[PDB]
*Asks:* 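Okay, here's the structure, questions in a sec.
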Amino acid sequence: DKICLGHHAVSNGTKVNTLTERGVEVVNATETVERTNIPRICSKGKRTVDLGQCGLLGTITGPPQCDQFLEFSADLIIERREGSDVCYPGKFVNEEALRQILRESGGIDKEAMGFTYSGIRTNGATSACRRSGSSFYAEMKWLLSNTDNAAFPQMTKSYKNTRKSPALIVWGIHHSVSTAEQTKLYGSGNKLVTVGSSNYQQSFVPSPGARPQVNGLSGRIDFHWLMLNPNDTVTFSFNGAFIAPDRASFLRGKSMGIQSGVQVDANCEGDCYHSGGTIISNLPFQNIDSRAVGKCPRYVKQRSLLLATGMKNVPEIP
Amino acid sequence: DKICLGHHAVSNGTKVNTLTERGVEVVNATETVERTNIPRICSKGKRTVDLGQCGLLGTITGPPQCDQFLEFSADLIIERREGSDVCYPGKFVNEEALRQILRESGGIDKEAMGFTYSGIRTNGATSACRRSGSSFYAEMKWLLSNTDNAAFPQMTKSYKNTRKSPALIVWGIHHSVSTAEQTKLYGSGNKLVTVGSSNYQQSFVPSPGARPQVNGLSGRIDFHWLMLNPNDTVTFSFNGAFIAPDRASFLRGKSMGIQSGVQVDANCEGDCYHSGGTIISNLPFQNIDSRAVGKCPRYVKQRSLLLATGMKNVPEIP
Amino acid sequence: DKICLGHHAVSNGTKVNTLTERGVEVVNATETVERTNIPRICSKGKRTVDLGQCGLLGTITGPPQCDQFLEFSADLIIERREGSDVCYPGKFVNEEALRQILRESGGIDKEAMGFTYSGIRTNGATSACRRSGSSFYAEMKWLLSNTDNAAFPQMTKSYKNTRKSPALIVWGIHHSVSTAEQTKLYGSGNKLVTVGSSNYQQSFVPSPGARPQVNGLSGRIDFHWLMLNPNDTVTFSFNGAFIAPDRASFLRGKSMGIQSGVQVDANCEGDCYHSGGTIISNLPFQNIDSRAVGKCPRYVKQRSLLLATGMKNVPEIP
Amino acid sequence: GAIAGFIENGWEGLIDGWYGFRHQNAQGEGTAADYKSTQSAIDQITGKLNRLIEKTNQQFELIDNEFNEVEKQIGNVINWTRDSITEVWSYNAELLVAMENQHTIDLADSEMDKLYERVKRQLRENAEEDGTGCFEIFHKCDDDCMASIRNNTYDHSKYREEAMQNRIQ
Amino acid sequence: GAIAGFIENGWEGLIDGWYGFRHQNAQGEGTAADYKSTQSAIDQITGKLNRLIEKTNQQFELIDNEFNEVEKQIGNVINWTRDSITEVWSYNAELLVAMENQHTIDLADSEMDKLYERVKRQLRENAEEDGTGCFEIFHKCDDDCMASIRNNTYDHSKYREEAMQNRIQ
Amino acid sequence: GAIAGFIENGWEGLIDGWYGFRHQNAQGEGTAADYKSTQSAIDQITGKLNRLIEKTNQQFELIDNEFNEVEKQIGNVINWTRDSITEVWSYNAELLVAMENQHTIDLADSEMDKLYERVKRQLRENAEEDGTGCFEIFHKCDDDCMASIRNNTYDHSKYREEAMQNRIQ
Ligand SMILES: CC(=O)N[C@@H]1[C@@H](O)[C@H](O[C@@H]2O[C@H](CO)[C@H](O)[C@H](O[C@]3(C(=O)O)C[C@H](O)[C@@H](NC(C)=O)[C@H]([C@H](O)[C@H](O)CO)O3)[C@H]2O)[C@@H](COS(=O)(=O)O)O[C@H]1O
Ligand SMILES: CC(=O)N[C@@H]1[C@@H](O)[C@H](O[C@@H]2O[C@H](CO)[C@H](O)[C@H](O[C@]3(C(=O)O)C[C@H](O)[C@@H](NC(C)=O)[C@H]([C@H](O)[C@H](O)CO)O3)[C@H]2O)[C@@H](COS(=O)(=O)O)O[C@H]1O
Ligand SMILES: CC(=O)N[C@@H]1[C@@H](O)[C@H](O[C@@H]2O[C@H](CO)[C@H](O)[C@H](O[C@]3(C(=O)O)C[C@H](O)[C@@H](NC(C)=O)[C@H]([C@H](O)[C@H](O)CO)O3)[C@H]2O)[C@@H](COS(=O)(=O)O)O[C@H]1O
Ligand SMILES: *[C@@H]1O[C@H](CO)[C@@H](O[C@@H]2O[C@H](CO)[C@@H](O[C@@H]3O[C@H](CO)[C@@H](O)[C@H](O)[C@@H]3O)[C@H](O)[C@H]2NC(C)=O)[C@H](O)[C@H]1NC(C)=O
Ligand SMILES: *[C@@H]1O[C@H](CO)[C@@H](O[C@@H]2O[C@H](CO)[C@@H](O[C@@H]3O[C@H](CO)[C@@H](O)[C@H](O)[C@@H]3O)[C@H](O)[C@H]2NC(C)=O)[C@H](O)[C@H]1NC(C)=O
Ligand SMILES: *[C@@H]1O[C@H](CO)[C@@H](O[C@@H]2O[C@H](CO)[C@@H](O[C@@H]3O[C@H](CO)[C@@H](O)[C@H](O)[C@@H]3O)[C@H](O)[C@H]2NC(C)=O)[C@H](O)[C@H]1NC(C)=O
Ligand SMILES: *[C@@H]1O[C@H](CO)[C@@H](O)[C@H](O)[C@H]1NC(C)=O
Ligand SMILES: *[C@@H]1O[C@H](CO)[C@@H](O)[C@H](O)[C@H]1NC(C)=O
Ligand SMILES: *[C@@H]1O[C@H](CO)[C@@H](O)[C@H](O)[C@H]1NC(C)=O
Ligand SMILES: *[C@@H]1O[C@H](CO)[C@@H](O)[C@H](O)[C@H]1NC(C)=O
Ligand SMILES: *[C@@H]1O[C@H](CO)[C@@H](O)[C@H](O)[C@H]1NC(C)=O
Ligand SMILES: *[C@@H]1O[C@H](CO)[C@@H](O)[C@H](O)[C@H]1NC(C)=O
């Protein structure tokens with residue numbers, strides 16, 4: 001009479017690693033490194049905006065591409081590669097910092113700044129901002145002299161942020177293709193634009209000169225921005241080449257922004273994104289994208305790390 | 001006759017975590033994550049200066065708030081929120097980098113640079129730097145034309161660092177409220193300031209224009225700085241709007257700087273600080289402040305991680 | 001009759017650390033932290049260039065020191081402390097970023113940009129760039145007015161990158177010792193240089209003024225650079241004080257750059273470098289240099305961490 | 001037609017548990033799983049899994065740009081930092097799994113020993129180890145007797161006389 | 001009025017040591033702590049503590065500013081780096097404690113087994129395990145005999161005749 | 001002139017293996033190494049070494065400059081990041097080595113127990129533990145008999161009568 005103590009075993013053994021052995025068979029194992037990607041932006045539960053052809057910074061200035069998003073609201077913001085911040089050729093100074101701010105803004109609320117002008121044209125328009133006909137940035141004013149080559153009067157405009165949140169202020173400096181064009185628009189002589197706050201001080205001069213044609217145009221407008229503290233005031237002093245703001249922007253709340261090239265899905269619920277889609281996983285690690293954002297498993301180099309969920313596999317003696 | 005082997009146990013069991021179990025009781029445990037904060041700056045053994053209303057950068061330029069600290073010496077430097085680097089409204093370019101330098105300087109030693117002037121006023125003063133009466137930055141010279149609207153002569157001043165340590169040099173550019181004010185102080189025409197070294201080259205133009213009133217003033221002075229290598233020379237070329245240095249600064253030795261809003265204590269001995277006080281602990285981790293500086297236990301998210309200091313608790317069968 | 005089970009032991013025991021004990025003796029141990037340095041740059045298998053007196057950025061502009069390296073090719077690039085990017089005193093804007101680019105370029109291929117000039121001298125030379133006689137940067141052109149004090153004509157030069165790789169473009173702004181010297185070289189009046197691309201826009205004005213003598217000279221040339229995308233175009237608009245490029249640069253492939261002060265060795269095969277030599281080791285950690293580059297063991301604070309390669313040593317009862 | 005326990009071989013027929021009993025008597029051969037040992041091992045392994053599922057509440061946002069590449073210097077600093085951090089997590093992950101797997105294997109071996117040692121203490125002086133993980137029982141043990149061993153209701157006092165006799169000669 | 005050892009229950013009365021002896025003979029019942037096993041466990045646990053007290057000589061200084069906030073881009077890079085590092089240390093801390101605690105528990109169990117096995121080897125053929133962590137001694141063992149077991153001065157040769165007799169019948 | 005095994009002392013004469021046998025009989029005294037136990041320990045230790053040799057394919061490049069020092073702010077950020085990372089690896093390294101060493105020591109102790117327990121199961125009822133890691137064999141065991149124990153060809157059935165006799169009286 002005999003009684004034996006034993007343990008189960010299989011022929012279906014899977015290899016894992018330990019401190020000592022490499023490829024020691026265990027009865028059962030599971031993966032810890034996620035590799036399964038969902039090639040969509042799972043947006044269920046999240047108020048989502050797909051900017052498409054609108055560049056994120058364009059939502060503040062307002063090229064025609066961004067007219068739907070001038071006061072957008074979102075929990076999830078999606079930039080697209082085709083997006084452009086600009087109609088009339090140009091770029092923002094400190095662009096990325098501004099992008100990072102808008103990605104978590106929750107969208108923007110616009111408010112008029114109340115600038116009034118005399119002895120000056122404000123209807124500066126271009127063929128590059130076609131809206132029905134020739135037009136310009138929706139939130140901005142292209143100020144000219146009055147007739148042609150006429151002198152641009154020195155002006156000083158101020159705006160106080162009477163709200164409890166900081167105000168996002170944007171202005172542009174216009175660089176003509178030639179000093180001949182600059183004079184035709186703003187008059188002769190050197191041009192200066194000064195922007196003063198109570199924690200900010202900068203200055204600007206235009207740089208007329210030939211540049212490669214972008215959108216058929218060789219001129220450039222470069223945008224600058226600041227955040228205005230509550231009850232603080234910004235003051236603009238200028239005499240030409242100045243692209244004035246019409247409205248200020250206020251951040252709505254909280255959001256997250258991503259860059260993607262896959263469709264959106266409002267059925268799937270996700271919380272970790274990358275340009276190629278959504279990672280939904282309870283696994284601690286992932287090998288899909290090192291730059292994935294949101295609440296994600298940590299990125300690792302390895303495509304597979306098997307965790308033993310069973311004892312060492314010892315085949316029965318036949 | 002019988003002999004049994006056993007181990008101790010308690011009813012006073014404390015729960016801990018392992019690889020497998022969560023809340024397994026052990027006989028005894030101790031905390032590894034420090035949460036006990038001392039709401040003071042324990043300074044015993046450390047030569048400490050509480051700048052109070054003096055901003056750290058003000059120790060170099062010398063607003064009235066910083067007159068006690070123009071040549072301060074310390075092991076521990078404490079910035080306060082009420083501190084201001086400035087009397088006449090303005091700010092430093094690359095301010096934070098300069099702060100980080102002064103926080104570990106051990107204080108500053110000042111030395112005259114020996115600039116002499118002719119055909120020019122040096123007594124530029126303001127109501128914002130009240131010292132008995134109207135005055136100016138103690139280490140600087142506000143240079144004017146001579147009478148009013150008169151031309152400011154082109155000047156060139158140089159200084160060699162004849163010491164073995166690098167010299168901290170600071171100058172200011174003055175931005176008047178209007179071109180009318182700039183002309184009244186330095187004369188008509190464009191103004192240029194050039195600063196040349198043997199590893200540094202920069203240039204400056206003033207930007208007259210209306211700005212919001214700070215301290216009742218709409219003008220701005222922005223300060224610039226460099227470190228001068230031994231036996232190297234700085235040269236200043238200018239024709240107005242230039243705030244000249246009178247003395248250079250030399251770093252004394254070694255220190256550490258903090259920002260705090262709690263009192264100082266010279267009885268307590270500490271070595272890890274944050275804005276809310278001192279962390280004195282032999283524990284490996286802490287959950288008080290992620291930005292704590294000095295010699296600190298590593299910051300963690302968790303408020304508690306209990307380490308078993310005793311065996312697994314197994315209650316006696318009653 | 002008796003049989004005993006035992007294990008080996010030595011008197012030659014070496015101490016190690018565990019979770020519990022500190023200095024517990026084991027029969028055998030090995031080191032995990034590399035401290036053995038080879039004070040040479042082991043270059044076998046790697047095409048190596050020792051720039052010596054040539055600064056890396058000088059390979060693009062071409063001071064006499066860099067004439068051998070104007071189109072160099074390498075897998076391993078070595079900067080030396082004696083190296084200089086410059087003959088006529090000056091420096092690059094955003095120098096380090098440019099260095100990091102060239103360190104992994106695999107060397108550079110130069111191509112003429114095809115600029116032609118009329119009504120202007122191009123033979124600007126200096127005593128500081130002695131090549132047989134007075135000369136200038138080999139890849140650049142020092143443009144003057146024509147006679148002396150004569151007006152410098154407004155010019156506009158463009159260049160398209162017709163290749164499939166981005167083009168490295170470099171230009172210089174010349175800052176004369178005085179406005180008298182600037183006028184003598186480029187004529188009176190303000191001078192402007194504008195540089196336009198299709199993703200880049202910058203502007204430049206010269207700053208004449210006295211500066212400390214470097215290489216006997218008080219003038220400064222500061223170099224600026226951009227990367228030009230394929231089929232994109234750069235345009236230069238200027239009227240003086242402009243140092244024009246003659247050739248553009250294209251990156252060859254892939255390389256790695258180091259800074260060192262030890263000799264080179266083409267017999268040794270290495271893959272981890274620091275300024276003091278080469279680390280060749282299969283060990284996971286090293287305590288030689290925290291800034292070591294290449295494929296390296298991780299740097300640690302500790303000079304020694306002994307790993308037990310044998311059982312606990314228990315001396316025989318004598 | 002011999003049977004053997006752990007110590008060179010597991011049982012591919014034990015399909016209702018991790019650890020178990022296998023007997024042979026006049027009634028024939030049988031195999032049954034032990035619950036308490038099986039559940040202890042299962043509770044510990046699943047305990048590890050839950051610990052590794054505990055998600056992080058740390059949210060991270062974009063710090064660079066893959067459409068409009070950031071400035072070179074700050075971009076290289078960022079890449080250098082991320083790659084440094086990826087090396088750290090890759091290391092951590094590798095070590096964590098290797099460590100847990102070593103422990104999983106060891107605690108499983110532990111449960112096997114504990115089950116064997118328990119049975120040995122049940123049988124007292126009425127059995128001897130055959131060295132293959134089995135016990136030679138020196139008395140008649142029918143199916144009911146075998147079952148009594150499995151549910152710890154085996155009273156060694158009942159068979160001790162008969163067993164010591166068969167053992168001693 | 002039975003006594004039992006480790007294996008389902010510890011002793012809340014053992015208050016002068018971690019591991020100990022509990023006997024019953026004609027003289028009554030008694031409990032005493034074993035020094036060598038207790039000290040070994042205490043030395044190992046305190047050894048862990050010292051290792052975790054070994055302070056760092058690395059000093060860190062301010063890299064941003066909570067009065068005058070630094071520039072957005074460099075500020076977000078810094079925050080991203082710090083938060084990344086905090087995640088790493090939070091992970092390390094959690095794992096370190098869980099790992100050490102598992103080891104603390106296991107080595108404590110180890111000391112218990114080692115003490116039990118030692119006593120078993122002292123008693124040789126003069127005792128049998130009852131399966132509750134105790135030994136049934138098959139000879140008369142007064143307090144002096146019990147004490148001899150605790151200080152390892154027990155000579156099994158002295159009681160072997162008497163013990164084998166009582167065991168065999 | 002007594003011999004002793006593990007349990008207070010190793011053997012400085014065992015120079016051809018990690019684990020081994022030491023006997024004494026009428027033929028005298030002898031010592032031989034056990035292969036299977038020695039190789040298992042050696043295979044596991046060397047297995048650790050290979051794991052720690054597995055090199056990284058991650059290449060890192062210069063991010064600052066020791067000839068021309070980078071800008072202060074970005075330079076301090078970089079130093080802060082590197083020093084933060086060095087602290088992490090110094091921690092990892094220290095813990096890894098301490099952890100592996102604890103495991104190396106424990107698995108070595110494990111192999112010793114496993115060898116002892118195997119021999120115990122070979123000898124069945126023909127021997128008794130002396131408590132120093134040895135077995136008192138209660139029959140005549142010449143060199144050939146001793147060798148049979150070392151290569152697991154010892155049949156306890158052959159000596160059982162003689163052994164039980166000598167044990168019982
Ligand atoms: C390549 C080719 O065959 N033809 C291109 C034309 O596309 C383009 O022609 C026009 O040129 C005139 C002067 O050269 C204008 O610049 C005009 O630009 C406008 C516009 O239509 O958008 C005209 C607007 O009325 C202007 N608005 C204001 C407020 O001034 C404005 C302005 O002239 C400039 O845009 C300011 O930079 O825009 C062109 O459509 C011409 C491109 O002009 S440019 O060289 O980029 O200045 O180039 C021809 O070769
Ligand atoms: C808001 C209100 O009711 N009144 C404020 C006044 O506080 C202030 O009056 C003074 O205005 C004159 C010219 O407008 C001066 O700017 C003067 O500033 C001084 C000063 O007292 O600090 C005068 C000094 O003598 C000047 N020193 C030198 C070397 O020039 C100096 C200089 O004028 C300016 O500070 C240079 O920017 O400072 C005021 O006290 C006036 C504020 O003046 S400002 O608009 O900021 O230029 O504004 C009234 O509305
Ligand atoms: C310290 C001392 O005893 N003597 C130094 C001289 O070394 C040096 O003399 C020369 O001064 C003249 C005008 O002052 C020139 O600047 C000249 O510089 C040259 C040169 O030789 O490299 C002359 C070239 O022909 C010029 N080329 C062009 C295209 O203009 C060029 C130019 O003049 C300047 O370099 C532009 O900055 O270079 C000197 O060799 C003098 C140094 O001159 S400077 O102050 O740095 O301008 O200083 C004396 O005190
Ligand atoms: C081999 O190991 C894997 C991994 O542990 C085992 O698969 C696991 O099986 C359990 C139960 O069958 C699953 O638990 C599940 O939890 C979810 C969420 O609470 C619940 O909705 C399900 O109804 C289920 O209870 C577990 O997720 C699953 N894991 C994986 C990765 O599939 C498997 O059973 C093991 N094989 C053997 C033969 O034991
Ligand atoms: C439960 O665990 C805690 C933590 O180990 C035990 O408290 C500890 O007790 C020891 C001695 O009583 C303390 O050591 C001390 O060291 C300092 C510094 O060298 C010395 O000045 C003291 O005189 C003392 O020797 C240790 O610090 C202390 N730890 C804590 C966190 O208080 C406690 O004894 C354990 N409980 C039981 C019932 O064992
Ligand atoms: C004490 O521990 C050290 C470290 O493990 C032992 O030294 C090691 O010895 C082995 C074989 O003697 C070496 O393996 C070698 O591998 C290389 C590369 O494949 C091969 O070319 C050699 O021919 C050899 O097979 C190993 O590198 C070596 N390690 C070190 C650090 O020297 C040593 O044997 C141990 N001492 C005792 C008494 O066991
Ligand atoms: C708001 O601004 C005014 C002047 O613009 C100033 O006097 C006041 O102190 C500020 N704060 C509040 C709370 O009114
Ligand atoms: C110091 O400066 C002078 C000129 O200012 C220079 O000639 C000399 O080489 C420098 N160094 C020493 C050690 O004098
Ligand atoms: C190249 O540049 C020309 C104008 O310079 C432009 O029309 C064309 O679209 C660009 N791309 C290709 C592929 O030709
Ligand atoms: C950062 O890494 C990405 C992916 O490897 C690369 O595309 C990018 O060029 C890198 N950034 C810089 C500034 O080189
Ligand atoms: C960095 O984090 C702190 C604390 O969460 C926050 O107050 C600060 O705004 C952050 N920095 C930037 C630039 O957003
Ligand atoms: C970074 O650290 C190195 C080495 O400690 C030091 O020499 C250098 O000055 C540091 N960088 C800055 C910007 O302080």
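In what follows, chains are A, B, ... by sequence order, proteins preceding strands, each numbered from 1. Heavy-atom basis, side chains included; hydrogens, waters and symmetry copies ignored.
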*Asks:* Any side-chain hydrogen bond (donor to acceptor under 3.5 Å, both in side chains) involving residues 214-225 of chain C? Give me the pairs, sequence neighbours left out, ordered by first then second residue.
*Replies:* C:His175-C:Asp222
*Asks:* Please determine whether the number of non-hydrogen atoms from other residues, nucleotides or ligands lying under 6.0 Å from atom NZ of C:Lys184 exceeds 12.
*Replies:* no
*Asks:* Does this structure show an ion pair linking F:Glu61 with C:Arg103, if we count only N-O contacts that are shorter than 4.0 Å?
*Replies:* no
*Asks:* Mind jotting down which residue pairs meet the side-chain hydrogen bond (donor to acceptor under 3.5 Å, both in side chains) criterion with at least one end in residues 241-254 of chain B? Sequence neighbours excluded, please.
*Replies:* B:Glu71-B:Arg247, B:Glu139-B:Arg247, B:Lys254-E:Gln59
*Asks:* Going by ring pair (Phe, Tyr, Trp, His ring centres under 6.0 Å), name the residues that satisfy it together with B:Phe236, two or more places apart in sequence or in a different chain.
*Replies:* B:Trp171, B:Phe242
*Asks:* Could you list the residues that satisfy side-chain hydrogen bond (donor to acceptor under 3.5 Å, both in side chains) with C:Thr179, not counting sequence neighbours?
*Replies:* none
*Asks:* Does the distance from a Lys or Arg side-chain N to an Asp or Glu carboxylate O, for C:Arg81 and F:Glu66, drop under 4.0 Å?
*Replies:* no
*Asks:* Mind checking whether B:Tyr137 and B:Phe223 have ring centres under 6.0 Å apart?
*Replies:* yes
*Asks:* Could you give the side-chain donor-acceptor pairs of residues 53-70 of chain C under 3.5 Å, partners two or more places apart or in another chain?
*Replies:*
residue, atom, partner, partner atom, Å
C:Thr59, OG1, C:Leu56, O, 2.6
C:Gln65, NE2, C:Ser84, O, 3.1

*Asks:* Within the distance-only criterion (no hydrogens, no angle test), does the side chain of B:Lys191 pair as donor or acceptor with the backbone N or O of B:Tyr186 below 3.5 angstrom?
*Replies:* yes
*Asks:* Check ring pair (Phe, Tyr, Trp, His ring centres under 6.0 Å) between B:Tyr88 and all other residues, then give those that pass, not counting sequence neighbours.
*Replies:* B:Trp142, B:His174
*Asks:* Passes side-chain contact (heavy atoms from CB on, under 4.5 Å), B:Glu111 versus B:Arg163? Steps please.
*Replies:* CA-CA 10 Å; B:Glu111 172 183 293; B:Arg163 281 156 91 122; 2.5 Å; yes
*Asks:* For side chain to side chain donor-acceptor pair (under 3.5 Å), just list the numbers for E:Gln73 and A:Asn94, CA-CA rounded to whole Å, side-chain angles, deciding distance to a tenth of an Å, and then say yes or no.
*Replies:* CA-CA 8 Å; E:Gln73 194 181 18; A:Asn94 292 11; over 6 Å; no
*Asks:* Do the charged groups of C:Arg99 and C:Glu96 touch, with an N to O distance under 4.0 Å?
*Replies:* yes
*Asks:* Of B:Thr233, B:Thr235, B:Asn229, B:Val234, which is the lone residue that meets side chain to side chain contact (heavy atoms under 4.5 Å, CB included) with B:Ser197?
*Replies:* B:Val234
